[PDB]
Amino acid sequence: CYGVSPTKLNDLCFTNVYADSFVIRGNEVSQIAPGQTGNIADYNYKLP
Amino acid sequence: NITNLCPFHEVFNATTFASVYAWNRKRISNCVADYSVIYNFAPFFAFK
Amino acid sequence: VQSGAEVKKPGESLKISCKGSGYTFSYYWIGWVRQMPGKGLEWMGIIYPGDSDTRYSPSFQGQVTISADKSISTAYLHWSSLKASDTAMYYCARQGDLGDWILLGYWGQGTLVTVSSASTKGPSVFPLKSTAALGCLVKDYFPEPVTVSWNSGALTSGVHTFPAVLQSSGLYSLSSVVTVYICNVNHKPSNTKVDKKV
Amino acid sequence: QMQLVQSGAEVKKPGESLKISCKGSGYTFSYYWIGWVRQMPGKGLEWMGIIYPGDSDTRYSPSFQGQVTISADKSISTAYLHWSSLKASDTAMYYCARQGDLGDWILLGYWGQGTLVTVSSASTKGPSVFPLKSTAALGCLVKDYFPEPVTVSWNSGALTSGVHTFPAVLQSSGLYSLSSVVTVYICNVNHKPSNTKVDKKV
Amino acid sequence: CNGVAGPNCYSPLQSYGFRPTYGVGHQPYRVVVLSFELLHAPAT
Amino acid sequence: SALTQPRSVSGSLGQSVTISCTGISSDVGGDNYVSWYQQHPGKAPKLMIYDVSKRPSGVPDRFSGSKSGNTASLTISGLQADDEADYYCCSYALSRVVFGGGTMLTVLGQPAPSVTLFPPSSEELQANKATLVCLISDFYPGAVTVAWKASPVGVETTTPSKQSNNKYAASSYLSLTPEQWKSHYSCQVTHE
């Protein structure tokens, strides 16, 4: 959890929460993260 | 201007590796280090 | 003991099997190695009894898949859209405690799959001064694996079977001798048995 | 080709907790899902749950959280169900289903042959057989039997052509009755769930 | 090259090889990205 | 890389034979990834020589191997009649199984072929056929010639036989019409 704590989460508010959903390969879990590079992080889905 | 591929398909797909007290290293030079061919082989428990 | 090889056409998805014994099918690698007539062995791939971390040969990545059965410790292979050059003697091999994981410690029996499209023409038997020996002749048959016996196998000593000779018309012909009598000929691809007496 | 078969139909009393299983073969029964469905015929069908024989993974329907559990054996490739405190509302048909290579993991690919289970406290009353211008055809009558599944055969199954079996008729007193005729002879009736075999000749 | 994948111009869509035989690393992984925006905006 | 093996060798009873094996690769972890397999003609292969630095179980001590650079050799002593089989060297250094080009072990030793003639049967004559079969067997050398006399005479023949009695056998099937057969034959066999 970037910027937020996993446990201290039920005591906060949000403007609009969007729950994305996509299935990637097992070795591609290290690429879905801010600042990361690769094929997925550059062609399919990138985080700011 | 080196264009010969690197012999990366010689250490990761080895049948039997060396012992602990007799660890062997391979000199690698004069090649193009393409680390993208390592992720498709198998994941690793430690990638520090 | 392995299952027989039935004459199939390219594109029918045939299946071969092999039975092994003397080990536990828990953590020992096992695979299949074929051998085409006139060449050496060709390793295709192996399979693990647990997580099937199958590693196929670069020349067999999308040509053959392993479908071995674990509950009965009997190996099986699956094919799809076969070709005419797929006729080979498939040998089942296992890891074994002799060498490493890739080393083959033991081997199976081997079955030569036959692929043809000659409609499986039925065979024919014809009889033949030494008396002292007798014999029978088998002609007009396209399939090669044809066996000839004497009195349903009652006589074993002094019995010899010569290899078949390829005819110009594509058929074959086999000759047999026996030391001296009914000669029995069995045709596996056509399931036809013809008896003849000299 | 892949094959699938369930267990035979049985009739148990409330509290026996039968163990109807399912036998699978012809493929690797570890990577394909398997489940069961049961519901009163007047209410349609209802999904119970599925289990993945490859590893520890079980999912049950909210209507079957604690009413029934599903288990499987990856070694012999045979599933095993288990009930607890069977009641009168459990007299339903049990059909099995598998994942199959046609759809997704939840999609039901194939089906079994069925397994009829009926809840009753009639102590499994044994059936009775009674025989019957035309001569030509013959027939026999089976009466005084509470369970519905009853098999009728002629000469232990030696006669198949011209043999017909009519559905059972439920009397007002609470007993069924069916008629079996043969085109022309011993009519053999063997109740498999109760192992009761009665022979009769016309 | 417009609609021919034969020559060097290849199709940009490739399919996965998700199979239970392949161990970890090639197995499918469901990813849920809970995008959170905590700021001075009115919270709903 | 492909392993290179001699197609056929010529040994002798009581002598030794060395089967070559080149093209063996190596990876990080060792260079002794050399194994030999013994496959009898028409039978099941059996592991004979693996890890030449050691000795397999059940294999006789008259089998051994050696390593010299990228070229290996299989030293076999005490050649017998039952030792006639196919041998293949294997290399599995890069987790890939490769085999050689095939080796046929033949032995020499002390060796009169059996010449028999059989006339066609009545069932063949009734079908307007006349097949003259001349059977040849019980000959150790691989030299044989089949011919008939009519003036010299479709006809097919097979020189090699199957490994069943450790002896070679050849046969030819001369197919002629019965009208030309009754109008006249003898089998001519040439052997060392």
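So is D:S180 assigned to a strand (DSSP E or B) and either among the hydroxyl-bearing types (S, T, Y) or within 23 Å of D:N195 (Cα to Cα) (or both) or not? Outline the logic, then answer.
Values: assigned to a strand (DSSP E or B): yes; either among the hydroxyl-bearing types (S, T, Y) or within 23 Å of D:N195 (Cα to Cα) (or both): yes.
Yes: the conditions hold for D:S180.
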Would you say A:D42 is part of a helix (DSSP H, G or I), more than 7 Å from chain E (Cβ to nearest Cβ) and over 14 Å from the mean Cα position of the chain (by Cα)?
yes
Residue check: is C:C92 within 13 Å of chain F (Cβ to nearest Cβ), outside any loop (DSSP other than H, G, I, E, B), hydrophobic (A, V, I, L, M, F, W, C) and closer than 29 Å to C:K19 by Cα?
yes
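Please work out which residue is surrounded by the most Cβ atoms within 10 Å (Cβ to Cβ), limiting yourself to chain E and to residues that are among the charged types (D, E, K, R) and farther than 19 Å from A:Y43 by Cα.
Among those residues, the one meeting the criterion is E:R19.
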Quick one: in segment F:17-27, which of the residues that are over 23 Å from the mean Cα position of the chain (by Cα) and surrounded by 18 or more Cβ atoms within 10 Å (Cβ to Cβ) is nearest to F:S91 (Cα to Cα)?
F:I24
Within segment D:44-71, work out how many residues are buried (at least 17 other Cβ atoms within 10 Å of the Cβ), out of contact with any helix residue (DSSP H, G or I) (no Cβ under 8 Å at 6 or more places or on another chain) and aliphatic (A, V, I, L, M).
4
Only one of C:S116, C:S176 that is farther than 26 Å from F:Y92 by Cα and within 12 Å of chain F (Cβ to nearest Cβ)
C:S176
Count of segment F:73-107 residues which are of a type outside the set (V, I, T), within 14 Å of chain C (Cβ to nearest Cβ), over 19 Å from the mean Cα position of the chain (by Cα) and in a strand (DSSP E or B)
2
Taking only segment A:9-48 into account, find how many residues are hydroxyl-bearing (S, T, Y) and either in contact with a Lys or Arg (Cβ under 8 Å, 6 or more places away or on another chain) or over 30 Å from E:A41 (Cβ atoms) (or both).
4
Output the residues belonging to segment E:9-34 that are touching an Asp or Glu at 6+ places or on another chain (Cβ under 7 Å) and at the interface with chain A (Cβ under 7 Å from one of its Cβ atoms).
E:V32, E:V33
Applying the selection to segment C:102-113, what residues are in contact with a strand residue (DSSP E or B) (Cβ under 7 Å, 6 or more places away or on another chain), at the interface with chain F (Cβ under 8 Å from one of its Cβ atoms) and aliphatic (A, V, I, L, M)?
C:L103, C:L104
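Mind telling me which of the residues F:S57, F:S64, F:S35 ends up being more than 19 Å from the chain's Cα centre (by Cα) and farther than 29 Å from C:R34 by Cβ? Give the steps one after another, and end with the answer.
Values: F:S57 fails: farther than 29 Å from C:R34 by Cβ; F:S35 fails: farther than 29 Å from C:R34 by Cβ.
So the residue among F:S57, F:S64, F:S35 that is more than 19 Å from the chain's Cα centre (by Cα) and farther than 29 Å from C:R34 by Cβ is F:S64.
Matching residues to (1) over 30 Å from F:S175 (Cα atoms); (2) polar (S, T, N, Q):
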| position | (1), (2) |
| --- | --- |
| F:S73 | yes, yes |
| F:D82 | yes, no |
| F:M104 | yes, no |
| F:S121 | no, yes |
Could you list, in sequence order, all residues of segment C:20-53 that are of a type in the set (G, A, S), facing another protein chain (nearest Cβ under 9 Å) and within 19 Å of F:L47 (Cβ to Cβ)?
C:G31, C:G40
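Considering each of C:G99, C:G135 in turn, give the residue that is within 8 Å of another protein chain (Cβ to nearest Cβ), closer than 20 Å to F:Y50 by Cβ and either touching a helix residue (DSSP H, G or I) at 6+ places or on another chain (Cβ under 7 Å) or not charged (D, E, K, R) (or both).
On the way: C:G135 fails: closer than 20 Å to F:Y50 by Cβ.
Exactly one residue qualifies, and that residue is C:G99.
If you take the residues of segment D:95-113 that are part of a loop (DSSP other than H, G, I, E, B) and under 30 Å from D:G15 (Cα atoms), which of them is farthest from the chain's Cα centre (by Cα)?
First, the residues of segment D:95-113 that are part of a loop (DSSP other than H, G, I, E, B): D:99-110, D:112-113.
Restricting the remaining residues to those that are under 30 Å from D:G15 (Cα atoms) gives D:112-113.
Numbers: D:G112: 11, D:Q113: 8 Å.
Within segment D:95-113, the match that is farthest from the chain's Cα centre (by Cα) is D:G112.
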For residues that are under 30 Å from B:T16 (Cα atoms) and of a type outside the set (A, V, I, L, M, F, W, C), tally how many sit in segment F:69-113.
16
Within segment F:121-164, which residues are facing chain C (nearest Cβ under 8 Å), in a loop (DSSP other than H, G, I, E, B), more than 20 Å from the chain's Cα centre (by Cα) and crowded, with 17+ Cβ neighbours inside 10 Å?
F:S121
Restricting to segment B:11-48, name every residue that is in contact with a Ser or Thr (Cβ under 9 Å, 6 or more places away or on another chain) and away from chain E (no Cβ under 14 Å).
B:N13, B:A14, B:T15, B:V32
I'm checking my understanding of the structure. Among residues of segment A:1-38 that are surrounded by 12 or more Cβ atoms within 10 Å (Cβ to Cβ) and among the polar types (S, T, N, Q), which one is farthest from the other protein chains (Cβ to nearest Cβ)?
A:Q36
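Quick reminder, even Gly has a Cβ in these numbers, built from the backbone with ideal geometry, and neighbours come from all protein chains shown. Just so you know, all these numbers are worked out from the coordinates, no wet-lab data involved.
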